[PDB]
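Chains as they are written, first to last, in full-length UniProt numbering: chain A, 427 to 471; chain B, 89 to 175. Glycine residues also receive a C-beta, built at the ideal position from the N, C-alpha and C atoms. The next block holds one structure in the form of structure tokens; read it before the comments.
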Amino acid sequence: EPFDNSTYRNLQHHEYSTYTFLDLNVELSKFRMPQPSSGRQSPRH
Amino acid sequence: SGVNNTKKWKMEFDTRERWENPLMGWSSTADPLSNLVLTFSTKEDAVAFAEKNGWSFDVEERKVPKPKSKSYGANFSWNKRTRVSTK
Numbered sequence: 427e428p429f430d431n432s433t434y435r436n437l438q439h440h441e442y443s444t445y446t447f448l449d450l451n452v453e454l455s456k457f458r459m460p461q462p463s464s465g466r467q468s469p470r471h
Numbered sequence: 089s090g091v092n093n094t095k096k097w098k099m100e101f102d103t104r105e106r107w108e109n110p111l112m113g114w115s116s117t118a119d120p121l122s123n124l125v126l127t128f129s130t131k132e133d134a135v136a137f138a139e140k141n142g143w144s145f146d147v148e149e150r151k152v153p154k155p156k157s158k159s160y161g162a163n164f165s166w167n168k169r170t171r172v173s174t175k
């Protein structure tokens with residue numbers, strides 16, 4: 427209950443693996459939407 | 089990329105024999121009217137000069153660049169092939 431005005435809780439960022447970015451980006455991939463289509467699959471096609 | 093050299097009508101004559109002299113292999117020639125080029129504002133003046141002088145003349149029309157539609161927005165696109173890949 428007592429709000430501690432002199433503490434830090436952004437500590438989970440300490441124990442982050444070198445892949446942590448993509449480690450949860452891959453999980454976040456599920457909660458997405460179809461990307462809009464530009465027609466040709468490449469700008470060179 | 090400079091342009092102000094194709095804004096005049098120049099007349100020049102057929103090239104003739106160019107042999108090498110025995111001494112240093114120079115470029116001795118015989119026709120005096122070889123390094124002779126005449127300028128004219130419009131081709132009508134040039135052709136009038138040619139006929140009145142009496143030289144058999146040949147005519148080539150003034151080729152000019154076609155104006156092409158150019159836009160920087162073509163360097164990028166959503167679907168067009170014209171999108172660039174590097175700047």
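Counting contacts by CB-CB distance shorter than 8 Å, is residue i in contact with chain B?
i                : result
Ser455 (chain A) : no
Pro469 (chain A) : yes
Who are the Cβ neighbours of residue i in its own chain at under 7 Å, not counting the five residues just before and after it?
i                : result
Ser116 (chain B) : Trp107 and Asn109
Whose C-beta lies closer than 6 Å to the C-beta of residue i among residues of the same chain, with five residues either side of it excluded?
i                : result
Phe128 (chain B) : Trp97 and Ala134
Just to make sure I have the definition right: I need the residues of chain A whose C-beta is within less than 7 Å of the C-beta of residue i. Which are they?
i                     : result
residue 185 (chain B) : This structure cannot settle anything about residue 185 (chain B), because the visible part of chain B is limited to 89 through 175.
Mind listing the chain A neighbours of residue i? Cutoff is C-beta to C-beta under 8 Å, in chain order.
i                : result
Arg171 (chain B) : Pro469
To which residues of the same chain is residue i closer than 8 Å at the C-beta, ignoring the five residues directly before and after it?
i                : result
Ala118 (chain B) : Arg104 and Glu105
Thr170 (chain B) : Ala162 and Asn163
If you compare alpha carbons, which of the options is closest to residue i?
i                : options                                  : result
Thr130 (chain B) : B:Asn92, B:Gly142, B:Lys154 and B:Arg150 : B:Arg150
Just to check my reading of the structure: residue i and residue j have Cβ atoms closer than 8 Å, yes? What is that Cβ distance to the nearest angstrom?
i                : j                : result
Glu100 (chain B) : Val125 (chain B) : 5 Å
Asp449 (chain A) : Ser443 (chain A) : 7 Å
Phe145 (chain B) : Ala138 (chain B) : 4 Å
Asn167 (chain B) : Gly465 (chain A) : 5 Å
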